[PDB]
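Below, each chain spelled out in residue letters.
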Amino acid sequence: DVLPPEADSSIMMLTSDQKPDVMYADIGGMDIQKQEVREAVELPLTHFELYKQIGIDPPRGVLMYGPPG
Amino acid sequence: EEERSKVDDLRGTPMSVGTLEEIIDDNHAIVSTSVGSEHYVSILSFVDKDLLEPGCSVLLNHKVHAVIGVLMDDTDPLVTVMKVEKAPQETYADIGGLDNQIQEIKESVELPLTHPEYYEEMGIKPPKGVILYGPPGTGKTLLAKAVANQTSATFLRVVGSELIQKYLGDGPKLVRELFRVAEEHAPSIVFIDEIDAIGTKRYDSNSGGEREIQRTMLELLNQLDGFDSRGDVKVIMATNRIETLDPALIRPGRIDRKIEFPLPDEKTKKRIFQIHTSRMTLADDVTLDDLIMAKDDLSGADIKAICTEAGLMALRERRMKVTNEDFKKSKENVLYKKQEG
Amino acid sequence: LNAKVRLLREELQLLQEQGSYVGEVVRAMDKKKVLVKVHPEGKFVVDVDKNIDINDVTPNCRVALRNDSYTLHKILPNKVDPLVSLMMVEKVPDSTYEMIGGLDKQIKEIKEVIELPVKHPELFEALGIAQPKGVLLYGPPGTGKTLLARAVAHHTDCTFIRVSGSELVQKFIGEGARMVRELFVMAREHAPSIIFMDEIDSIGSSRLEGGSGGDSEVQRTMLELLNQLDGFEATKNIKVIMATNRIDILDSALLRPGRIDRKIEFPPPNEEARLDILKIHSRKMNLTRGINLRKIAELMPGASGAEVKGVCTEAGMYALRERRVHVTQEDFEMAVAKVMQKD
Amino acid sequence: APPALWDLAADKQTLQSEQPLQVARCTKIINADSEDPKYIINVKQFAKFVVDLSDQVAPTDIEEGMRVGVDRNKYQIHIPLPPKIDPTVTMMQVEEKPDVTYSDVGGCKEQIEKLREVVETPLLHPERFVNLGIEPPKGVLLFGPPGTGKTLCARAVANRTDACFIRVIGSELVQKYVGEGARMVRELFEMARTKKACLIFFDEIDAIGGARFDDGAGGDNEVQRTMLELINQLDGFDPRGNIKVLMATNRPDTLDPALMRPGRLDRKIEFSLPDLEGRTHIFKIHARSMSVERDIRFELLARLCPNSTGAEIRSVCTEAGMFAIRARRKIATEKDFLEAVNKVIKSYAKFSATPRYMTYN
Amino acid sequence: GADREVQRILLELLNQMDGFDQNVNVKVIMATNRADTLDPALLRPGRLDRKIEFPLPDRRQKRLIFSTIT
Ligand SMILES: Nc1ncnc2c1ncn2[C@@H]1O[C@H](COP(=O)(O)OP(=O)(O)OP(=O)(O)O)[C@@H](O)[C@H]1O
Ligand SMILES: Nc1ncnc2c1ncn2[C@@H]1O[C@H](COP(=O)(O)OP(=O)(O)O)[C@@H](O)[C@H]1O
Ligand SMILES: Nc1ncnc2c1ncn2[C@@H]1O[C@H](COP(=O)(O)OP(=O)(O)O)[C@@H](O)[C@H]1O
């Protein structure tokens, strides 16, 4: 047989039922970088269909930089 | 006969590929294979035990790390950078005007090897190589010389600073492999050209340093100097700029021979244009005079390049024969090209 | 069927103590033995194998390694180039001549340089003329200098290679050396072949000190490569392509004393180029025809080629957030504003 | 094939000898000796074992860090094995065979006399100094213009009588991945202390002895730790070394190894460089070659070419027969080749070379 | 060179990051304190296509951060 799957090995997934810390209402600075995070994260997460409809392919690759702060 | 059906069983069927670490006079040789496996193997078979030497491939029979024989296997990248071949089509007769320039170095490469009688009977023997140089961007113009030397004997070309200071050295050890492998294939010739080791500035990747490039050039000298290698491997050196080259090179070698590359004269320029246009069909109105007079200090591949673009636009008109008008405007692309840059 | 369940028992017994290995032949030997290198283990050398033949076994091949005699059970497919064309396959798409526009003059002027030595070359000597060693592309980025490379090599079918390449092409190819002779060994294995210079065109790298030698040893890479091609080796069709802007146009042509290269310009974007290539990028997104492409391309003075991509895609963004399945002109103009904000 | 026939026919006795002592895998150094019988041992297998030895070995033959043979199953010490070294680099430096004997010297006498009696006389006749002792100096130094460096070394190779000596080039010390050349120089000193009165020579020391430092970041730090480490090996009281040393370079700088030498080392001698009549001796040893027309006057030629060392005038005696071959003449008159002489020293002195004083001055 | 095998692992999971396509699914987000030494194969188009740069806080971000922390 093989892994069920997926029974690992390591990591693991979750730890996010005891987390996260506080909501996004904390920081109010960005409002733009958070909108690129918005459209690049949870707009594709809710809709895989509207992209194929409009005919633009959403990437999964996300890279952040600029620290500090 | 029976020995072939005997030793195979002992060494058969599987056997590990081992590496000889060092030799003990017992006939037991300390060996090494992945990983950290030392041992004593006394065998009298297939050996050749003298010529093995440490750092070489010895067979290892699984019972137990026994050596039934040795296999020398290369390959190696540097053996691949030597040939092949070209046995190039370009004779020194395909270039002109340097007959006096060449005739000496032509001797010094063919004075030994081919036609040794005068050379060996004379008891003189200067087979230390040569040195070349010439402006402004020639030197492969002197690979039109060495391209005739590529038509005889044995040869390897290693040129450019890039192959020296590339990554963190290890200094000359690439130059060491070159020298020793060209000694293994001796007789041979090693052609160096455009030594920018001091002329280049930036260290490739993360590397240092200027003095370690100077000390790897230094060991290039000592390995060429040298203590103590009579092997030949003759050395031909060339460059654009003789200024940055240090005199530490010249007294060991090449002390006797170095040539200067002049720029061509009227009859040499005309000669070269005739050489390149020998193949190409040209229109009846093509004239070389206005060409060699209008141009200033052009070598072979310059006017050869104007032949190349003349045939390029001749193919834009799909004519097998180049017209002098399209030769003067197509020329004007290189004329303006050197006037634009 | 009753015999197969018994077969699994006996077969289990032969694979139980040692199963069977997976070998890799580094070289074959004259005594019918074959030098085999296992990944976790050291190198071996092992013999016939009456079912296997020596002429069927060439060095650098994955071979099922028998466990008992340590011999080869099967021949299996290996992968050599897929790291070459992998490192390159992530770099650049295929990009046929339908993906490019405005370069018709320049693809027409490169088609002789690349397409002559591939199909015609006997007419080189019919004209008596030498073969082009390479080509360069100089122009403000801009895009298309990279697309045209794998466009010409895509329609020529000759294998496409971009130069270093990091980091890991020094891994797969060779060990340590000048290394352009080992890359040139791959280019000899697969011929005809295209070598592109990727990319080292930068303002980074505009200091004329670090980029001087740091690039000038890729310029020296192609240089001594041109010593290889020009002076010796064999035969043709292995060619080099440049992508630069300025400086090292003057420093390379300072190292190219009229010799040797084919000069081909790379243009800045034009308004009609923005028209038709703007339609080329706009064909892939559900949209409305109400857009005027004249004024929406004239809204982009200067800019670049990938500017068209950012305009069309980043317009599609307001279309997807707007919930419209098809877009409108006003949105493509909003994306014109977006890409002109950084200007 | 006959030698390989008898070569392969000894495997029948070899396989009987193959059963015993084969277990010698692997070589292993001990760490401590727990008690009289028991020794704790580390092997490059990376497992570590406390065990006795094969009783044919005397238990008093073992020292700490001693590579010793093993019977792998019992792990007992099989046989003590002397060598713990060496990577192929040092044996690559280990030198053999002579060449270029004494008379090949170009007339330098005081130099060759001092650098001769400093090595031969203590090594040839050791009892002499032990009688008059006192002591002969540790080491020497050579330098100057290239002509002639490193060639008198070849003479030391020729006149070398019995115990071999190890040549060491300058660049093989410096390597990347720092700490390699240190192990190198140390282990070659241990070798020379095994080789009983064997000698060492160093060329291109000016590459590895660059002194002293820069601001930062270094820079000399690897160079420093290697050279200062060399002097560190030189400053331990033992022996040191009964192995002499030899130092030949271009430029006398740098000062740190040059201020570390005069304490241990001595006998710094400088070239010299052609004498007026000294050049006629190179013309004599090099006159044995080819053929000399009996009219040829050497001193004229020698006084006409100052600052030529022996190499430039060796290329003079060379271009003699060269233009003699180009003229097909079997012998070359002094007036025949002197055109190629003023041509080689004039034309070849025009562009470059001979600022070697200036290199070290 | 074991870590050269883990950047070969970066290329492995890179090929797998081409394997998530098409559609369902993953979101690969990433950040770094210095992005200079990042080898471009990742960032180069086709795999990681989104370059986000945190700006230094400005007058808007100043007042908003003052209000939210206070
Ligand atoms: N005084 C001399 N006597 C004999 N031969 C000489 C003399 N001067 C020069 N030569 C010859 O000239 C050649 C070149 O000298 P050599 O290369 O040995 O010096 P070098 O090695 O360049 O010195 P360095 O090691 O400082 O660079 C030698 O082969 C030698 O035979
Ligand atoms: N005077 C000439 N006669 C014939 N051929 C020439 C001449 N000058 C140059 N060539 C050809 O052009 C090339 C010149 O090489 P070049 O680029 O000038 O030197 P480098 O590449 O060393 O800077 C040579 O390969 C040679 O075949
Ligand atoms: N002439 C052009 N007009 C508009 N867009 C272009 C043009 N050429 C290329 N592009 C776009 O640019 C992208 C990549 O361009 P590339 O050739 O990599 O440019 P660069 O070499 O500057 O990176 C392609 O996906 C293509 O859609």
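This deposited entry lists cryo-EM as its structure determination method and 3.8 Å as its resolution.

The PDB entry lists chain E under the name 26S protease regulatory subunit 6B, from Homo sapiens. Looking at the PDB record, one finds the entry titled "Structural basis for dynamic regulation of the human 26S proteasome".

Where the PDB entry is consulted, chain B appears under the name 26S protease regulatory subunit 4, with the organism given as Homo sapiens. Check the Sequence similarities section of the UniProt entry for chain B; it says "Belongs to the AAA ATPase family."

Q: Looking at this model, I keep getting lost on the overall build of chain B. Mind explaining?
A: Along chain B, the regular secondary structure elements total 13 helices and nine strands. On C-alpha atoms alone, chain B measures out to a radius of gyration of 27 Å, which is more than a quarter above the 20 Å that the 2.2 N^0.38 rule sets for 341 residues. Over its C-alpha atoms, taken along the principal directions, chain B stretches across nearly 85 × 50 × 50 Å. Burial status across chain B gives 52% buried among its 341 residues. Look at the contacts in chain B between residues 6 or more apart in sequence, and 73% of them connect residues 24 or more apart. When the accessible surface of chain B is totalled, it reaches about 16200 Å², and 54% of it is carbon and sulfur. Positive and negative side-chain charges of chain B, numbering 44 and 60 respectively, have mean locations separated by a distance of 7 Å.

Q: Would you explain a negative patch on the surface in this entry?
A: All names here are of chain D. Side chains of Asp33, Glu35, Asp36, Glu63 and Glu64 sit close together on the surface and give a patch of like negative charge. Summarising the element assignment, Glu35 is placed in the loop between β1 (28–32) and β2 (39–43). Classification of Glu35 as partly exposed rests on a relative accessible area of 49%.

Q: Got a minute to help me understand the site of ligand 1 in this structure?
A: Not every one of the 14 residues close to ligand 1 is listed here, only the nearest: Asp225 of chain B together with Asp104, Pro146, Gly149 and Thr151 of chain D. Ligand 1 is flanked by residues contributed from chains B and D. In the environment of ligand 1, an oxygen atom lies 2.7 Å from a nitrogen or oxygen atom belonging to the side chain of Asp225 of chain B. One of the backbone nitrogen or oxygen atoms of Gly310 of chain D is found 3.2 Å away from a nitrogen atom of ligand 1. Of the residues that constitute the shell around ligand 1, the class distribution is four nonpolar, five polar and five charged.

Q: Would you mind showing me how to read the interface of chain A and chain C here?
A: How big an interface is tends to be stated in terms of the accessible area lost upon association of its parts. Counting residues at the interface gives 10 residues for chain A and 10 residues for chain C. In total, about 990 Å² of surface goes out of reach between chain A and chain C, with carbon and sulfur atoms giving 67% of it. In terms of surface lost to chain C, no three residues of chain A exceed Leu50, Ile54 and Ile56 of chain A, which account for 49% of the buried area on that side. The tally of links between chain A and chain C comes to zero salt bridges. At the level of secondary structure, the elements contributing two or more residues to the side of chain A that touches chain C comprise α1 (33–46) and α2 (49–54) of chain A. Ranked by residue count, the leading element in the side of chain A that touches chain C is α2 of chain A, at four residues. Residue composition of the side of chain A that touches chain C, grouped by class: five nonpolar, four polar and one charged.

Q: Quick question: what am I supposed to make of the environment of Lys346 of chain D here?
A: All names here are of chain D. Among the structural elements, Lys346 can be located in helix α15 (residues 334–351). Between the C-alpha atoms of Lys346 and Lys44, which are 302 residues apart in sequence, the distance is 64 Å. Sequence-distant contacts of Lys346, that is, excluding residues within four places in its chain, are made with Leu304 and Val341.

Q: Teacher, can you tell me more about helix α1 (residues 2–16) of chain C here?
A: Every α-helix winds through 3.6 residues per turn, so residues three or four apart in the chain are directed the same way. Between its terminal C-alpha atoms α1 of chain C stretches 22 Å, which fits the 21 Å expected from 15 residues at 1.5 Å a residue. In terms of residue burial, α1 of chain C counts as a barely covered element, since only zero of its 15 residues are buried.

Q: What's the story with helix α10 (residues 221–235) of chain D in this structure? I'm lost.
A: With 15 residues, α10 of chain D should cover 21 Å at 1.5 Å per step; its first-to-last C-alpha distance of 20 Å lies within 8% of that length. For α10 of chain D, every residue scored as buried is listed here: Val223, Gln224, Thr226, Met227, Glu229, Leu230, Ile231 and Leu234 of chain D. If you follow the buried residues of α10 of chain D, they end up packed against α9 (210–225) of chain B together with α8 (180–194), α9 (205–208) and α11 (255–264) of chain D.

Q: Help me out: how do you make sense of the nonpolar core in this one?
A: As a rule of thumb, soluble globular proteins bury nonpolar side chains together. Within the largest apolar cluster, 30 residues are counted, with the highest numbers of intra-cluster contacts made by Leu156, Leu178, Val190, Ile192, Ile195 and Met237 of chain B. Elements represented by at least two residues in this core include exactly α8 (173–184), α9 and β7 (234–237) of chain B. With sequence-adjacent residues up to four places away left out, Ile192 of chain B is seen in contact with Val158, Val159, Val235, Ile236, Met237 and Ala238 of chain B. Residues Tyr51 of chain A together with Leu278, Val308 and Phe332 of chain C belong to the second largest nonpolar core, which totals 27 residues.

Q: Help me understand the pattern of salt bridges in this model?
A: Note on pairing: side chains with opposite charge can pair once their charged atoms come close. Within the structure shown, the criterion is met by 48 salt bridges over all chains. A salt bridge links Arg67 of chain D to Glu22 of chain B; the shortest N-O distance between them is 3.5 Å. Of this pair, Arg67 of chain D sits in strand β4 (residues 67–70) while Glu22 of chain B sits in strand β1 (residues 15–23), each in a different chain. Classification of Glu22 of chain B by relative accessible area gives buried; the value is 12%. Across the pair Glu112 of chain C and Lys108 of chain C runs a salt bridge, and its minimum N-O distance is 3.6 Å.

Q: Teacher, can you tell me more about the sheet that holds strand β5 (residues 155–157) of chain B here?
A: Strand pairing in a sheet is mediated by backbone hydrogen bonds. Such pairs are either parallel or antiparallel. Spatial strand order, β4-β7-β6-β5 (chain B): four strands in an open sheet with parallel pairing. Across the chains shown, the open sheet's two edge strands, defined by having one partner strand only, are β4 (130–131) and β5 of chain B.

Q: Quick question: what am I supposed to make of the packing of aromatic side chains here?
A: Where two aromatic rings form a pair, the distance of their centres and the angle of their planes describe that pair. Counted by the stated rule, this structure contains seven aromatic pairs over all chains. Taken together, a centroid distance of 5.8 Å and an interplanar angle of 75 degrees make the contact between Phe273 of chain B and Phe327 of chain B edge-to-face. Here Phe327 of chain B lies in helix α13 (residues 324–340) and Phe273 of chain B lies in helix α10 (residues 266–277), a separation of 54 residues in the sequence. Within the aromatic cluster, the residues linked to one another by ring pairs are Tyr21, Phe44 and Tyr70 of chain C. One cation-aromatic arrangement involves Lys258 of chain B over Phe351 of chain D; the distance from NZ or CZ to the ring centre is 3.8 Å. One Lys or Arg, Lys263 of chain C, reaches over the ring of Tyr138 of chain C and ends 4.7 Å from the middle of that ring.

Q: It is not clear to me how unusual backbone geometry should be interpreted in this structure. Could you clarify?
A: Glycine aside, a negative phi is what most residues show, and trans is what most peptide bonds show. Here the amide bond leading from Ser164 of chain C into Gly165 of chain C is cis, since omega sits at 0 degrees, within 30 degrees of zero. Position of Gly165 of chain C among the secondary structure elements: in the loop between β7 (159–162) and α6 (169–172). Following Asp198 of chain C, the chain continues into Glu199 of chain C via a peptide bond in cis, with omega recorded as -10 degrees. In this structure, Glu199 of chain C sits in the loop between β8 (193–196) and α8 (210–216). At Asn60 of chain C, a position not held by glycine, the phi torsion is positive, near 60 degrees. Here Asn60 of chain C lies in the loop between β3 (43–46) and β4 (61–65). Residue classification places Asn60 of chain C among the partly exposed positions, given a relative accessible area of 46%. Positive phi, normally seen in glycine, also occurs at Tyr177 of chain D, with a value near 60 degrees. Since its relative accessible area comes to 69%, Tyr177 of chain D is described here as exposed.

The rules we used
- Residues numbered from 1 in each chain as written, not as in the entry; some residues may be left out.
- Chains lettered and ligands numbered in written order.
- Part of a larger assembly, values for the part shown.
- Heavy atoms only, no water.
- UniProt positions renumbered as here; feature names shortened; annotations may be inferred.
- Helix = DSSP H or I, 4+ residues; strand = E, 2+ residues; numbered from the N terminus.
- Rg over C-alpha atoms; globule rule 2.2 N^0.38 Å.
- Buried < 20%, exposed > 50% of the residue type's maximum accessible area, 1.4 Å probe, protein only.
- Contact = heavy atoms within 4.5 Å.
- Areas by Shrake-Rupley, 256 points an atom, 1.4 Å probe, with all protein chains shown as cover.
- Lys, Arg positive; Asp, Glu negative; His and termini not counted.
- Charge placed at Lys NZ, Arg CZ, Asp CG, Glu CD.
- Patch = residues over 30% accessible without salt bridge, like charges linked within 9 Å, V, L, I, M, F, W, Y side chains within 5 Å.
- Salt bridge = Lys/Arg side-chain N within 4 Å of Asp/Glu carboxyl O.
- Near = heavy atom within 4 Å.
- Polar contact = N/O pair within 3.5 Å; in protein donor to acceptor, adjacent residues only side chain to side chain.
- Nonpolar A, V, L, I, M, F, W, Y, C, P; charged D, E, K, R; others polar.
- Buried area = accessible area lost by both parts, 1.4 Å probe.
- Expected span 1.5 Å × (residues − 1).
- Core = buried A, V, L, I, M, F, W, Y, C linked by side-chain atoms within 4.5 Å.
- Pairing = 2+ DSSP bridges.
- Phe/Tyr/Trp six-rings, centres within 6.5 Å; stacked < 30°, edge-to-face > 60°.
- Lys NZ or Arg CZ within 6 Å of the ring centre and 35° of its normal.

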